[PDB]
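Residue numbers begin at 1 in each chain, while the letters A, B, ... track the order of the sequences. All heavy atoms count here, side chains included; hydrogens, waters and symmetry mates do not.
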Protein chains: 2
Amino acid sequence: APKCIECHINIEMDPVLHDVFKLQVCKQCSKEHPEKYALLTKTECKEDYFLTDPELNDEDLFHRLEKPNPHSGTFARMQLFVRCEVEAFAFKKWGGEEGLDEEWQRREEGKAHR
Amino acid sequence: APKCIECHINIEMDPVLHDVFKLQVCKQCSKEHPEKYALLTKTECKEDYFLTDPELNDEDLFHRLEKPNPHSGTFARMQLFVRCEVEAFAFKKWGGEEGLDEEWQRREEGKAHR
DNA sequence: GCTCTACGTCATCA
DNA sequence: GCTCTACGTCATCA
Ligand SMILES: [Zn+2]
Ligand SMILES: [Zn+2]
């Protein structure tokens, strides 16, 4: 009777988190902890975490869910990533939340003087 | 008995020009007219004619000969292109020889000031 | 006189 | 709050 790792109560896991992201997390807990379980588009991963296309395109590094592009079925598929994996990678790359914020400040300056 | 299109005499065609570039040209005529038949590396194509990697990577646009990279067999293969095909594409792209030199003149400032 | 592309950005088009 | 890549550069690393 395997239980959700957040609540330890539910036995029915969120189908995407479980099947695509290998996380034994129920839907309710996923909505309760978006800090860990929210899905981010490829574009949002680049904005929020400063990850690059080669990193996000690496099939071996992140699990990901693809959907039809909401703008047209003929455009490139939308790619969804789970915040806990992307963040963990980004913390490693930039040095914790501190390093990430520092990079953000640096980026903000290049924005100001341009 | 088919003849070289430059001399109208030789029947033995240069093996590369014939087999890879589909040009019925003898080796001797090829050295007598480098303006048309000299082989240019991918890097030289970019320097000389300002073609881009997507143009030069298009399997459908240019014939090409590949060789082992002379720096190391483990590096990416050297790619050779025949001057008459690359020049002809470039004259379309930039508008003849004189559009090409205009672009040459233009770029000479971008690195002169920089 | 060798080739690939990320770099740090972004528009555009898809 | 969509994605891919050309931008023209070029330095590295292959
Ligand atoms: Zn739960
Ligand atoms: Zn000849």
Side-chain angles (χ1 to χ4, degrees), chain A residues 16 31 34 37-59 61-62 64-83 86 89-90 93-94 99-110 112, chain B residues 16 31 34-35 37-62 64-83 86 89-90 93-94 99-107 109-110 112:
Chain A
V16 167
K31 307 287 130 172
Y37 308 114
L39 299 189
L40 302 178
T41 67
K42 192 171 207 187
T43 301
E44 293 165 303
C45 293
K46 299 197 257 213
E47 288 174 4
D48 295 345
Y49 289 112
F50 298 117
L51 309 187
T52 61
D53 270 312
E55 289 156 353
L56 292 158
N57 285 333
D58 180 332
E59 282 269 292
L61 187 66
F62 295 110
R64 76 171 192 273
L65 172 69
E66 301 200 339
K67 293 266 179 217
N69 188 296
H71 295 275
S72 151
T74 62
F75 299 174
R77 294 181 293 272
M78 181 164 62
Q79 298 168 236
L80 308 174
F81 303 79
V82 72
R83 212 179 254 274
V86 178
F89 180 86
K93 176 190 196 176
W94 295 115
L100 186 49
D101 308 333
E102 279 161 19
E103 174 71 10
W104 185 83
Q105 193 181 78
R106 300 189 219 292
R107 305 219 175 182
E108 278 303 73
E109 300 156 14
Chain B
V16 167
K31 293 152 171 291
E35 76 284 358
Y37 308 116
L39 295 188
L40 293 182
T41 69
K42 195 171 201 193
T43 306
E44 289 169 313
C45 288
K46 297 190 236 201
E47 288 177 1
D48 290 352
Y49 289 112
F50 304 122
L51 306 183
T52 65
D53 275 332
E55 297 157 340
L56 293 154
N57 285 342
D58 181 333
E59 280 280 285
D60 292 345
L61 197 66
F62 292 117
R64 70 171 193 282
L65 178 63
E66 292 184 8
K67 294 270 184 217
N69 190 300
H71 298 275
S72 162
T74 67
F75 301 172
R77 293 183 291 274
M78 180 169 62
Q79 303 194 142
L80 311 173
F81 296 87
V82 68
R83 188 170 294 267
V86 163
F89 178 89
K93 186 186 176 179
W94 298 111
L100 179 48
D101 321 316
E102 282 160 39
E103 177 69 0
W104 192 73
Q105 194 175 261
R106 217 208 72 213
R107 302 218 174 182
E109 296 138 41

Spacing of the P atoms in D:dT9 and D:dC13 (rounded, Å): 23 Å
Secondary-structure string, 5' to 3', Watson-Crick or G-U under 3.5 Å, | for another-strand partners, for DNA chain C: ....|.....|...
Option passing salt bridge (charged side-chain N to carboxylate O under 4.0 Å, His left out) with A:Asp48 (candidates A:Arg107, A:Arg83, A:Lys42): A:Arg83
Salt-bridge criterion met for A:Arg106 and A:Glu109 (N-O under 4.0 Å): no
Euclidean distance, B:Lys46 NZ relative to B:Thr41 OG1, rounded to 0.5 Å: 9.0 Å
Distance in angstrom units between B:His71 NE2 and C:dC4 P, rounded: 13 Å
Nearest-angstrom distance, P atom, D:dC10 to C:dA11: 22 Å
Sugar-phosphate only, base, or nothing, as touched by A:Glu47 at under 4.0 Å among non-hydrogen atoms: base
Sugar-phosphate only, base, or nothing, as touched by B:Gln79 at under 4.0 Å among non-hydrogen atoms: sugar-phosphate
Between D:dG1 (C1') and A:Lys46 (NZ): distance, integer Å: 15 Å
Inter-residue atom distance A:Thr74.OG1 - A:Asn69.CG, 0.5 Å rounding: 8.0 Å
Toward the 5' end of DNA chain C, by each residue's nearest nucleotide, B:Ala76 or A:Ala76: B:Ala76
Residues which pass ring pair (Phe, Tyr, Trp, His ring centres under 6.0 Å) with B:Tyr49, listed by chain and number, not counting sequence neighbours: none
Student check: side-chain heavy atoms of B:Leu100 and B:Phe50 closer than 4.5 Å: yes
Separation of atom CG in B:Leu65 from atom P in C:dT3, rounded to whole Å: 12 Å
Sugar-phosphate, base or nothing in reach of A:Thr41, heavy atoms under 4.0 Å: sugar-phosphate
Straight-line distance of B:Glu66 CD to B:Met78 CE, nearest 0.5 Å: 10.0 Å
Closest-nucleotide ordering on DNA chain C, the 5'-leading residue of B:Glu44 and A:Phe50: B:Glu44
Nucleotide D:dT3, atom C1' - distance to NZ of A:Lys42 in whole Å: 7 Å
B:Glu35 atom CD: more than 12 heavy-atom contacts under 6.0 Å: yes
P-based separation of D:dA6 from D:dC2 [nearest Å]: 22 Å
Rounded distance in Å - CG (A:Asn69) to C1' (C:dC13): 12 Å
B:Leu61 side, atom CG; B:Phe89 side, atom CZ - distance, nearest 0.5 Å: 5.0 Å
Euclidean distance, atom CZ of residue A:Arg77 to atom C1' of D:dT3 [Å, nearest integer]: 11 Å
Strand contacts (DNA chain C) in residues 51-59 of chain A, 4.0 angstrom heavy-atom criterion: A:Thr52, A:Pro54
Whole-Å gap separating P (C:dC4) and CE (B:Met78): 12 Å
Candidates C:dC2, C:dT9, D:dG8 - which lies nearest the side chain of B:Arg107: D:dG8
Length of the line joining B:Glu66:CD and C:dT3:P, which is rounded to integer Å: 10 Å
OP1 or OP2 of D:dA14 under 4.0 Å from side-chain N/O of B:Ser72: no
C1' gap between C:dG1 and D:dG8, integer Å: 22 Å
Approximate separation, where rounding is to 0.5 Å, of B:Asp53 CG and B:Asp58 CG: 12.0 Å
